[PDB]
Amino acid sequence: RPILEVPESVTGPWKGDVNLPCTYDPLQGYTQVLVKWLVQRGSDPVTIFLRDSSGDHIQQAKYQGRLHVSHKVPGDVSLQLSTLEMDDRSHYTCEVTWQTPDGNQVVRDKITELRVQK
């Protein structure tokens, strides 16, 4: 099984809400130290959200006020968008980094296609 469970595509309603699942089974001994969500445009991704040691940070203006990332359940870093725009259609990447105190590091990422339907 892949570490991150992310569907190959999600369809959301124009002007409404969508959830992009990204989940994993936490492993004892590792700490989640970074979550990044990225969006494609067009041959390179840009970071739209970071969760780091200083909290949650939206990183692109067009997502300000419209983007939430789950945090309640360990292993669930799903992203929700509000007031979906046609220009939100793209491929989105969930990227998670784990470390140990002695410095080992593991990273995984996974891509979903967001479709927006009228």
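One-based numbering along the sequence shown.
TODO: Would you determine, from the values in the PDB entry, which of 8-16 and 103-111 has the greater average C-alpha temperature factor?
DONE: 8-16 has the higher mean C-alpha B-factor.
Open item on the list: Averaging CA B factors per stretch from the PDB record, which one is higher: 28-36 or 42-50?
Closed with: The entry gives the higher C-alpha B-factor average to 42-50.
Open item on the list: By the CA temperature factor listed in this entry, which of these ranks top: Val77, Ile58, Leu81, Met86?
Closed with: Answer for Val77, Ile58, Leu81, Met86: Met86, with the highest C-alpha B-factor.
Open item on the list: Among the modelled residues of this chain, does the Cα B factor of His68 put it in the lowest, middle or highest third?
Closed with: It belongs to the lowest third of the chain when residues are ordered by C-alpha B-factor.
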